[PDB]
């Protein structure tokens, strides 16, 4: 596709576009993912690169808000829950804090993601395991 279509993805801050490409702003020398929450730049200052690597190669450093140099969190986050599920499969109660420490996530994110991935809270999951 052309860059104008890519541009519309950016103005739309469309997450579906993340990974597909990365845009760079010559006035800042920073590159971001299409869904970056940062105010947008003027079209004339933007350019696109198929991926971070190429961006770096071109002298642009990653944005500190969208971390466009790291791959899609998707899997990473999924790996987090799975591990938490296993740590909860024991009679002795595990607090969200001890759990968060273990999977290395702010208790807020862990709790939100867990209920999002499993469908219940870490607490319930441990109770369910005990149950059956």
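Numbering follows the first chain given and starts at 1.
- With 67-75 and 82-90 compared on mean CA B-factor from the PDB entry, the stretch scoring higher is 67-75.
- The entry lists a Cα temperature factor for residue 116 that places it in the highest third of the chain's modelled residues.
- Among all modelled residues in its chain, residue 101 ranks in the lowest third by Cα B-factor.
- Per the deposited record, the Cα B-factor of residue 45 falls in the lowest third when ranked against the other modelled residues of its chain.
- Residue 28: CA B factor in the lowest third of modelled residues in this chain (values from the PDB entry).
- When the modelled residues of the chain are ordered by C-alpha B-factor, residue 127 sits in the highest third.
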